[PDB]
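Basis: the model, the stated rules and, where named, an outside source; no laboratory read-out is quoted. Heads up, the Cβs are rebuilt from the backbone with ideal geometry, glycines too, and the neighbour counts pull from every protein chain shown.
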């Protein structure tokens with residue numbers, strides 16, 4: 001009967017942690033691209049939710065167990081857990097009335113899901129242990145060992161799958177986040193059902209969750225009496241717990257004294273969790289700026305998180321089977337609390353790499369306009385070379401260029417404005433002809449001056465250009481119709497476009513990457529097909545439609561903007577380091593808490609263990625909002641900040657039993 005005894009719980013954890021991580025994998029992007037929040041506001045809310053996901057709900061969970069019991073609270077909390085998920089999915093639906101409802105509705109979904117996740121976590125994990133007596137200690141330890149693998153197993157599939165649905169389905173919108181949250185949401189229902197099937201297997205224990213509350217009362221009772229009395233003559237009885245000895249039994253006081261000693265080690269911990277929890281919130285914001293194209297399948301920005309769960313699955317049992325055997329062979333002193341000390345080092349070292357990676361992004365970043373600074377390109381469609389002089393408001397030649405027939409300037413020549421908006425007299429010369437052409441310009445934007453020809457005469461048409469190849473991170477097309485007839489274009493089954501006559505300009509249209517040799521299009525008179533050749537990822541193309549005696553519609557191909565040079569693969573070293581610390585810190589610390597607590601006090605540390613996680617994220621919240629540093633500097637800040645803590649932790653741990 002034992003083989004079926006605990007099967008349900010582990011399967012429930014996999015499904016349950018599948019749902020949670022999948023929802024939290026795309027959570028950061030959902031804020032940036034759907035609610036249109038800025039980075040600081042987007043990271044703040046995300047980490048607030050993660051902190052709230054552990055801060056209170058665990059305490060509520062233990063309190064719920066005080067009179068309701070472990071089994072029942074799982075069912076009820078898991079019920080509201082689903083409720084928060086389904087309502088969250090509704091918020092992502094664009095039909096629900098714009099950001100006014102989405103923001104308010106989503107945060108309600110986030111609030112409920114947070115309550116459920118941390119409300120069940122303290123109970124479900126310990127619930128499995130009670131399913132069989134601890135006399136099978138090795139099996140009990142095995143259960144927890146395999147249990148932690150199951151948690152990652154759910155994250156692995158969920159983290160890899162959910163980001164795909166965020167940009168692939170595009171059912172109701174180009175992104176369709178609703179399906180991304182929906183699939184995890186429905187899966188949690190399966191988790192609840194499977195867990196419910198185990199109700200007939202084991203006799204659930206009665207409520208006992210008064211342990212955590214009682215300990216807190218003793219401290220409050222002890223500290224208050226010492227603070228108020230202020231006798232001044234108190235001997236070593238000054239020890240606060242001795243004050244509570246007046247009321248509480250000696251055995252309870254003795255247990256708390258031993259418990260308090262170990263609990264000191266938890267004070268410097270939360271700074272470390274500020275690093276691991278930053279994976280999905282600030283490194284994904286970094287992966288956006290890096291090139292995603294690869295020889296393998298093109299990876300989504302946040303989909304890179306799959307590495308962290310993946311590396312945990314191979315580092316375990318690799319650390320236990322190999323690394324720990326080697327170090328113990330050279331020295332056995334390391335098979336102790338010192339493991340956690342090194343864990344803080346690697347994460348601190350991991351961010352140091354992130355600073356190095358971040359620096360290179362800025363170095364490889366292309367030139368950008370700025371305040372009273374504008375980027376201008378010039379394209380010549382005249383049959384012969386045209387000489388162009390950019391005469392500013394001072395009558396001085398701000399820039400001088402000469403462009404042959406059907407050619408463009410190699411780069412967006414930068415220009416400096418005297419105001420946010422300004423006009424410049426772009427003098428033109430064509431054969432013996434000359435003309436002063438004036439167009440308006442604005443700061444912080446790209447501009448393309450299209451010199452157009454009318455018979456032997458020429459004119460110009462200023463076209464505003466904006467970065468539209470990295471924001472969408474997908475191939476984009478652009479069309480100019482020099483004909484005196486509008487041209488209807490069926491770009492694909494997902495998009496269609498028409499270009500106005502007389503050098504009409506179309507808007508940026510995103511298209512699927514691939515070859516398009518037979519794009520169907522119809523003029524005002526007859527149908528036609530155009531060959532565009534290959535279109536690459538992350539590149540924008542501008543096509544000029546011209547009349548041809550034989551081809552009819554003749555299209556000239558020009559690359560509007562190239563792609564980035566920094567490959568996303570360069571982010572792997574970060575996860576290799578930080579995940580190495582996690583497996584060497586999270587796992588060992590968890591077993592340290594369960595085993596080092598006094599008798600029957602294990603529940604207190606399990607509560608304290610998650611608290612330091614919650615407090616850890618809040619540090620990221622305040623730093624991410626009220627600090628104001630440059631990102632490359634922030635990773636350095638955490639790297640050195642944690643390094644100091646590691647010294648404090650190691651020094652503190654050195655004197656522990």
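Could you check region 511-567 for strands (runs of 3 or more DSSP E) lying wholly inside it with 2 or more residues that are under 15 Å from residue 474 (Cα atoms)?
Passing ranges, in order: 540-548, 552-561.
Is there a residue being out of contact with any helix residue (DSSP H, G or I) (no Cβ under 6 Å at 6 or more places or on another chain), touching a residue at least 12 places away in the same chain (Cβ under 8 Å), loosely packed, with under 13 Cβ neighbours inside 10 Å and assigned by TED's automatic domain parsing to the domain that holds residue 475 anywhere in region 534-542?
Within region 534-542, one or more residues are out of contact with any helix residue (DSSP H, G or I) (no Cβ under 6 Å at 6 or more places or on another chain), touching a residue at least 12 places away in the same chain (Cβ under 8 Å), loosely packed, with under 13 Cβ neighbours inside 10 Å and assigned by TED's automatic domain parsing to the domain that holds residue 475.
Of 50, 66, 42, which residue is under 17 Å from residue 19 (Cβ atoms) and in a helix (DSSP H, G or I)?
Exactly one of 50, 66, 42 is under 17 Å from residue 19 (Cβ atoms) and in a helix (DSSP H, G or I), namely 50.
Taking the conditions exactly as written (without any contact (Cβ under 8 Å) to a residue 24 or more places away in the chain, crowded, with 17+ Cβ neighbours inside 10 Å and in a helix (DSSP H, G or I)), does residue 156 satisfy them or not?
no
Might you let me know whether region 276-285 holds any residue that is out of contact with any strand residue (DSSP E or B) (no Cβ under 6 Å at 6 or more places or on another chain) and without any contact (Cβ under 8 Å) to a residue 40 or more places away in the chain?
Start the filter on region 276-285 by keeping residues that are out of contact with any strand residue (DSSP E or B) (no Cβ under 6 Å at 6 or more places or on another chain), which leaves 276-285.
Pick out the ones that are also without any contact (Cβ under 8 Å) to a residue 40 or more places away in the chain and you get none.
Checked against the condition, which is being out of contact with any strand residue (DSSP E or B) (no Cβ under 6 Å at 6 or more places or on another chain) and without any contact (Cβ under 8 Å) to a residue 40 or more places away in the chain, region 276-285 yields no hits at all.
Please work out if residue 92 is farther than 23 Å from residue 208 by Cα and either more than 23 Å from the chain's Cα centre (by Cα) or touching a residue at least 40 places away in the same chain (Cβ under 8 Å) (or both).
So residue 92 passes the test.
Being in contact (Cβ under 8 Å) with a residue 24 or more places away in the chain, over 29 Å from residue 175 (Cβ atoms) and either assigned by TED's automatic domain parsing to the domain that holds residue 429 or part of a loop (DSSP other than H, G, I, E, B) (or both): is that true of residue 474 here?
Spelling it out, it is not the case that residue 474 is in contact (Cβ under 8 Å) with a residue 24 or more places away in the chain, over 29 Å from residue 175 (Cβ atoms) and either assigned by TED's automatic domain parsing to the domain that holds residue 429 or part of a loop (DSSP other than H, G, I, E, B) (or both).
Restricting attention to region 391-407, does a residue exist that is surrounded by 14 or more Cβ atoms within 10 Å (Cβ to Cβ), assigned to a strand (DSSP E or B), in contact with a strand residue (DSSP E or B) (Cβ under 8 Å, 6 or more places away or on another chain) and touching a residue at least 60 places away in the same chain (Cβ under 8 Å)?
Taking every residue of region 391-407 in turn, none turns out to be surrounded by 14 or more Cβ atoms within 10 Å (Cβ to Cβ), assigned to a strand (DSSP E or B), in contact with a strand residue (DSSP E or B) (Cβ under 8 Å, 6 or more places away or on another chain) and touching a residue at least 60 places away in the same chain (Cβ under 8 Å).
Between 169, 183, which is surrounded by 14 or more Cβ atoms within 10 Å (Cβ to Cβ), closer than 30 Å to residue 94 by Cα and free of Cβ contacts under 8 Å to residues at least 60 places away in the same chain? Quick ask: steps written out before the conclusion?
Values: 183 fails: free of Cβ contacts under 8 Å to residues at least 60 places away in the same chain.
Answer to the selection: 169.
If a residue has to be part of a loop (DSSP other than H, G, I, E, B), more than 22 Å from residue 353 (Cβ to Cβ) and in contact with a helix residue (DSSP H, G or I) (Cβ under 8 Å, 6 or more places away or on another chain) to count, how many in region 268-302 make the cut?
Final tally of qualifying residues: 3.
Output the residues belonging to region 477-507 that are surrounded by fewer than 17 Cβ atoms within 10 Å (Cβ to Cβ), under 40 Å from the mean Cα position of the chain (by Cα) and not in a strand (DSSP E or B).
Across region 477-507, the qualifying residues are 492, 493, 494, 495, 496, 507.
With respect to residue 195, is the statement that it is part of a helix (DSSP H, G or I), within 40 Å of the chain's Cα centre (by Cα), surrounded by 14 or more Cβ atoms within 10 Å (Cβ to Cβ) and outside the structural domain of residue 657 (by TED's automatic domain parsing) true?
In short, yes.
Here are some conditions: (1) over 18 Å from the mean Cα position of the chain (by Cα); (2) over 17 Å from residue 602 (Cα atoms); (3) not in a helix (DSSP H, G or I). Residue 175 meets all but one. Which one does it not meet?
If we test residue 175 against (1) over 18 Å from the mean Cα position of the chain (by Cα); (2) over 17 Å from residue 602 (Cα atoms); (3) not in a helix (DSSP H, G or I), just (1) comes out false.
Taking region 111-140, which residues are without any contact (Cβ under 8 Å) to a residue 12 or more places away in the chain, more than 27 Å from residue 210 (Cβ to Cβ) and assigned to a helix (DSSP H, G or I)? Even if it seems obvious, please write down each step before you answer.
We begin by selecting, within region 111-140, every residue without any contact (Cβ under 8 Å) to a residue 12 or more places away in the chain; these are 133-140.
Retained after the next criterion (residues that are more than 27 Å from residue 210 (Cβ to Cβ)): 136, 138-139.
If the condition is that a residue be without any contact (Cβ under 8 Å) to a residue 12 or more places away in the chain, more than 27 Å from residue 210 (Cβ to Cβ) and assigned to a helix (DSSP H, G or I), then 138, 139 are the ones that fit.
Name the residues in region 198-220 that are surrounded by fewer than 17 Cβ atoms within 10 Å (Cβ to Cβ) and either within 35 Å of the chain's Cα centre (by Cα) or more than 30 Å from residue 256 (Cβ to Cβ) (or both), would you?
199, 200, 201, 203
Quick one: which residue in 636, 618 is in contact with a helix residue (DSSP H, G or I) (Cβ under 8 Å, 6 or more places away or on another chain), closer than 27 Å to residue 214 by Cα and surrounded by fewer than 20 Cβ atoms within 10 Å (Cβ to Cβ)?
Among 636, 618, only 618 is in contact with a helix residue (DSSP H, G or I) (Cβ under 8 Å, 6 or more places away or on another chain), closer than 27 Å to residue 214 by Cα and surrounded by fewer than 20 Cβ atoms within 10 Å (Cβ to Cβ).
Can you tell which of 388, 357 is in contact with a helix residue (DSSP H, G or I) (Cβ under 7 Å, 6 or more places away or on another chain) and either part of a helix (DSSP H, G or I) or buried (at least 17 other Cβ atoms within 10 Å of the Cβ) (or both)?
357
Quick one: residue 656 ticks every box in (1) touching a helix residue (DSSP H, G or I) at 6+ places or on another chain (Cβ under 7 Å); (2) assigned to a helix (DSSP H, G or I); (3) touching a residue at least 24 places away in the same chain (Cβ under 8 Å) except a single one, so which number is it?
Every listed condition holds for residue 656 apart from (2).
Of the residues that sit in region 419-433 and are in a loop (DSSP other than H, G, I, E, B) and touching a residue at least 40 places away in the same chain (Cβ under 8 Å), which one is surrounded by the most Cβ atoms within 10 Å (Cβ to Cβ)?
Per the stated criteria, the residue is 431.
Of all residues in region 360-380, which are touching a residue at least 40 places away in the same chain (Cβ under 8 Å), more than 30 Å from residue 404 (Cα to Cα) and exposed (fewer than 12 other Cβ atoms within 10 Å of the Cβ)?
362, 371
Go over the candidates 469, 452 one by one and state the one that is in the same structural domain as residue 501 (by TED's automatic domain parsing) and part of a strand (DSSP E or B).
Numbers: 469 fails: part of a strand (DSSP E or B).
The match here is 452.
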